[PDB]
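>>> Using only what follows, build the 3D model:
(chains A, B, C, D, E and F)
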Amino acid sequence: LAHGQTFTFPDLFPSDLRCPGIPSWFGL
Amino acid sequence: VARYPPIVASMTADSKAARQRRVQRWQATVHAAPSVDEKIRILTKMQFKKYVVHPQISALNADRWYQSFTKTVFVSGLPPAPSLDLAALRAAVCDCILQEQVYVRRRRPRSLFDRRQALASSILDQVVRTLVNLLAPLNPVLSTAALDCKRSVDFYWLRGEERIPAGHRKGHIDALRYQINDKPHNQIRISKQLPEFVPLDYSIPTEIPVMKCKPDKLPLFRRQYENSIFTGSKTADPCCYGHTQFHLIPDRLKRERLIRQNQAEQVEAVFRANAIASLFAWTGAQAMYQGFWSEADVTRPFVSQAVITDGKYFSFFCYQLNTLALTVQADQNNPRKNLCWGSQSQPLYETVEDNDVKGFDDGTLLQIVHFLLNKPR
Amino acid sequence: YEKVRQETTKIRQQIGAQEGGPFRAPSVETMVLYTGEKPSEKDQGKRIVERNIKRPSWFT
Amino acid sequence: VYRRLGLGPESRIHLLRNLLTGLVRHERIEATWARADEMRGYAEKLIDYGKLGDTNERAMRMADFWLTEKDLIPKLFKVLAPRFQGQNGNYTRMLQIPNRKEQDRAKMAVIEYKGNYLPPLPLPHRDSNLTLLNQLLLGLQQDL
RNA sequence: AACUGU
RNA sequence: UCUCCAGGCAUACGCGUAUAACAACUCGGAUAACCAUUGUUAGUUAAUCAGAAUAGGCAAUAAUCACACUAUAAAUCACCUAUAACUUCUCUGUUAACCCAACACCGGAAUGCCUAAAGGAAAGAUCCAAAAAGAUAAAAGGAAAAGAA
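Numbering: from 1, shown residues only, chains lettered A, B, ... in the order given. Now the structure:
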């Protein structure tokens, strides 16, 4: 650049374990 | 019985310390080169790819770039410091300008573009020729002085370093090699050193420039060819010193084109870059002609003057060489710095009308008169 | 054994930094000290290596 | 009485010289078992040269040649030699380390100088006398 | 012919 | 950091991204490590380095430090006279450990500089078999030094 101008690139883009095998759904 | 061996790196090992001792051995050999010719031969016998530097260049901050490589400090203005009818010189110079421009008859150049450049060279040569004769009675030193017409100044030095990033030599550290070859329009060579413009070791707040980018990033191309350091004449020539250097800038770098290119501020930079390059390159060669090199830095500062003219404006430059050590090894222990003093370009005359030139400025002529009259003390 | 070598590398790294240069092997004895242990009179006349880690249980 | 090592007799000594220099600098080196055993004798004899005395001119020539780095020469006469004055031998401790997993399966060993400042190596321990068999042997010893 | 581990 | 080795650097030609960073560890390297493989992204900056008007007139005598000196092998547009034009810096090349030999070939490959300051590693590990190959050494002898026909 001329006129003493300067340029800098801008910063773009700155179940329970105890009961396993039984699904938690079961209450039985 | 104290016979302990020195604690040093083995020369034969493949390590940085071992290579350093091998590197030191070569550096020691250069110390042991007794004759000037032997010193030059050893330094320049191998050709390596090195930057080619143009004394006159259009690069932005070109003076700063050259100073960084050279460790030259450029103080604005002139360095701190027999009548000949100064009016008579104007009349004689007025005739000389009218002689080439209006009186001499010569075949016109075919190109039609060199006409302006050719005319500027003729008038400058004539003024110089008559000035030498008119100043000869006052200063007998000029009679014994040697005036060089468009002879080349050569200088070769290393500043900076770089690591090879790729190739068979990847990772090896390589110094940045440079060369300036300059052909001043005219220069005066004397057999006696000029009076020093400032004591050796002089230190000033103004600091040497340092370059952010590599020399390659700015247009500067490394080429492998002979390394040459030359004073404008062989070592056999008795005149191993000189008084002043005369430079004529080409049309491309002239003020008018530079202003059009918007590099008006760099007009002085072009003036500064050429002066610093020529004087340092030329001054360093003399010290080499005296046996001084980087590790044998000069015991006495090398001083001289230079004048650069754009055809109309005239600039005057003064350089003092304090350091021949720009290699890392020799520059490892040196408080000295190279000092350059330069004046801004000034017009020498206004216009040529009929057979009488108008507006001649004696002030620029006075500096030439002062330079011509100055002699070693 | 892997622990010993890893500690040795750490100890060696501290020694290298302390020496600060090649071919600087001391002519005097060397000792290693860990945090919580301070140089004593017995440690005088011996190179002292200071370790930020506390004295390892295995190391005595 | 010597292992056939190196491209020539000089190489073995130069390789031994390289091995000896490293061990003195660090005091504990890991290398192939065969090399460690071969160089163990040299290291012990070098300590004797240090014990002989610093003023001994012959020791300097041996030390200078064997130790490429000359900073170690003061160390040998002022660190290694004073350290081993009480000891009559066995200055070097060499132990077998598991073979390198570098596809060549080289036999590995670690050689160190005793009395060093480095952490103690994990040495093997004999069975305690509190063991049943040892206690039974203790009873037999007491009766006799 | 000598020369040498031919 | 140590031990040891000793043709290195530019341009031409050719090659055409093999360049570099990152990420991979399968395939490619005539086995791995490591990458030269795989993927991604970057790169090589030129008024200066390199590549990309006309019509007439009129020319005896080599070089060799060109002088002497001879020679035979026989070795040098310009400038004048006219005509015509009348203010320019773009385009293109620039990376690399690279090319021709089916190969990361062993050789082929123009020129300048210079000989280590540049450029490099013979040891996948262990054993110390025999036999085989190369090299060195020989008590006494000397074809069972280099001279003659």
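
>>> Spell out which residues of chain A are next to chain B.
When proximity is defined by CB under 8 Å from any CB of the partner chain, chain A lies next to chain B at A:2-4. Every C-beta, even on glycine, is put in place using the N, C-alpha and C of the backbone.

>>> who does the helix or strand where residue D:109 lies pair up with?
Residue D:109 belongs to strand D:108-113 when assigned by DSSP states H and E. Strand D:108-113 has the following strand partners under DSSP bridges: strand D:28-32 (antiparallel), strand D:92-97 (antiparallel).

>>> quick revisit: now the residues of chain A next to chain B in a markdown table, please, with extra columns for neighbour count, secondary structure and distance to chain C.
Formatted as a markdown table, those follow (neighbours: other CB atoms under 10 Å in any protein chain shown; DSSP: H, G, I helix; E, B strand; the rest coil; distance: CB to the nearest CB, whole Å):
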| residue | neighbour count | secondary structure | distance to chain C |
| --- | --- | --- | --- |
| A:2 | 9 | coil | 50 |
| A:3 | 6 | coil | 50 |
| A:4 | 8 | coil | 46 |
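
>>> of all those residues, which comes closest to chain D?
Distance ranking of those against chain D, using CB to the nearest CB, places residue A:4 first at 56.2 Å.

>>> Now that closest one: closest residue in space that isn't a chain neighbour?
Nearest residue to residue A:4, sequence neighbours excluded (CB to CB, 6 or more residues apart in numbering or on different chains): residue B:265, at 7.7 Å.

>>> Can you tell me how far the one you found is from residue B:364?
Counting by CB to CB, to the nearest Å, the gap between residue B:265 and residue B:364 amounts to 22 Å.

>>> Between these two, which has more neighbouring residues?
Neighbour tally, residue B:265 and residue B:364, criterion other CB atoms under 10 Å in any protein chain shown: the higher count belongs to residue B:364, 21 against 13.

>>> Strands of the stretch 51-200 of chain B, start to end?
B:72-76, B:146-149, B:153-163, B:173-182, B:186-190 (DSSP state E, counting those that start in this stretch).

>>> Relative to chain A, which of those strands is closest?
Using CB to the nearest CB, the strands of the stretch 51-200 of chain B put strand B:72-76 closest to chain A, at 18.6 Å.

>>> Which strands or helices does the closest one pack on?
helix B:62-70, helix B:266-289, strand B:338-342 (3 or more CB pairs under 8 Å, 6 or more residues apart in numbering or on different chains; DSSP states H and E).

>>> among those, which is the most enclosed?
Among the helices and strands packed on strand B:72-76, judged by mean count of other CB atoms under 10 Å in any protein chain shown, the one packed with the most neighbours on average is helix B:266-289 (a mean of 26).

>>> Figure out how far it is from the centre of its chain.
Computed by CA atoms, centre = their mean, to the nearest Å, the chain-centroid distance of helix B:266-289 equals 2 Å.

>>> for residue B:376, what are its contacts?
Taking CB atoms under 8 Å, 6 or more residues apart in numbering or on different chains, we find residue B:376 in contact with B:141, B:190, B:192-195.

>>> Check residue B:312 too.
With CB under 8 Å, 6+ apart, residue B:312 has these contacts: B:347-349.

>>> which one is the residue of chain C found nearest chain D nearest to, not counting chain neighbours?
Of all residues in chain C, residue C:27 sits closest to chain D, at 3.5 Å by CB to the nearest CB. Sequence neighbours aside, residue D:74 is the residue nearest to residue C:27 in space, at 3.5 Å (criterion: CB to CB, 6+ apart).

>>> which SSE is that neighbour in?
helix D:72-75.

>>> The helix or strand just after that helix packs against which elements?
Toward the C-terminal end, the helix or strand that comes next after helix D:72-75 (DSSP H and E) is helix D:81-83. Under the contact definition 3+ CB pairs under 8 Å, 6+ apart, helix D:81-83 sits against helix D:33-52.

>>> Tell me the first helix or strand C-terminal of the helix it packs on.
According to DSSP H and E, the helix or strand after helix D:33-52 is helix D:57-66.

>>> How about the residues of chain D by chain C?
D:25-26, D:28, D:30, D:69-72, D:74-75, D:77-79, D:82-83, D:97, D:110, D:117-122.

>>> Are any of those buried, and if so which?
D:25-26, D:28, D:30, D:69-72, D:74-75, D:77-79, D:83, D:97, D:110, D:117-119, D:121 (16 or more other CB atoms under 10 Å in any protein chain shown).

>>> on that earlier part again, okay, the strands of the stretch 51-200 of chain B in a markdown table with mean neighbour count next?
Formatted as a markdown table, those follow (neighbours: other CB atoms under 10 Å in any protein chain shown):
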| stretch | mean neighbour count |
| --- | --- |
| strand B:72-76 | 19 |
| strand B:146-149 | 18 |
| strand B:153-163 | 19 |
| strand B:173-182 | 18 |
| strand B:186-190 | 24 |
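
>>> okay if I get those as CSV plus distance to RNA strand F?
Listed next are the strands of the stretch 51-200 of chain B as CSV, based on distance: least, CB to the nearest atom of the strand, whole Å:
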stretch, distance to RNA strand F
strand B:72-76, 21
strand B:146-149, 21
strand B:153-163, 10
strand B:173-182, 8
strand B:186-190, 20
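
>>> Grab the nearest non-local neighbour of the residue most central in space within chain D.
Centroid check for chain D by CA atoms, centre = their mean gives residue D:92 as the closest residue, at 2.6 Å. Spatial nearest neighbour of residue D:92, chain neighbours left out: residue D:43 (4.8 Å); criterion: CB to CB, 6+ apart.

>>> correct me, but that neighbour touches residue D:113?
Yes - Residue D:43 lies in contact with residue D:113 (CB atoms under 8 Å); the separation is 7.4 Å.

>>> Next, show the common contact partners of the two.
In contact with both residue D:43 and residue D:113: D:23, D:91-92, using CB under 8 Å, 6+ apart.

>>> Just the closest of those to chain C, please.
residue D:23 (12.5 Å).

>>> near chain D, which residues of chain B?
B:1, B:3-8, B:10, B:13.

>>> out of those residues, which are buried?
Applying 16+ other CB under 10 Å to those flags residue B:4 as buried.

>>> Now render the residues of chain B next to chain D as JSON lines, adding secondary structure and distance to chain C.
Listed next are these as JSON lines, based on DSSP: H, G, I helix; E, B strand; the rest coil; distance: CB to the nearest CB, whole Å:
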{"residue": "B:1", "secondary structure": "coil", "distance to chain C": "16"}
{"residue": "B:3", "secondary structure": "coil", "distance to chain C": "15"}
{"residue": "B:4", "secondary structure": "coil", "distance to chain C": "10"}
{"residue": "B:5", "secondary structure": "coil", "distance to chain C": "11"}
{"residue": "B:6", "secondary structure": "coil", "distance to chain C": "10"}
{"residue": "B:7", "secondary structure": "coil", "distance to chain C": "5"}
{"residue": "B:8", "secondary structure": "coil", "distance to chain C": "7"}
{"residue": "B:10", "secondary structure": "coil", "distance to chain C": "10"}
{"residue": "B:13", "secondary structure": "coil", "distance to chain C": "11"}
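
>>> now the residues of chain B next to chain D as CSV including distance to residue B:50?
Converted to CSV, the residues of chain B next to chain D look like this (distance: CB to CB, whole Å):
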residue, distance to residue B:50
B:1, 52
B:3, 46
B:4, 44
B:5, 40
B:6, 36
B:7, 37
B:8, 32
B:10, 32
B:13, 30
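
>>> I'd like to know which of the residues of chain B next to chain D is nearest to residue B:358.
Proximity of those to residue B:358, judged by CB to CB, is greatest for residue B:8, which lies at 74.5 Å.

>>> Since that was my last question, I'll sign off now.
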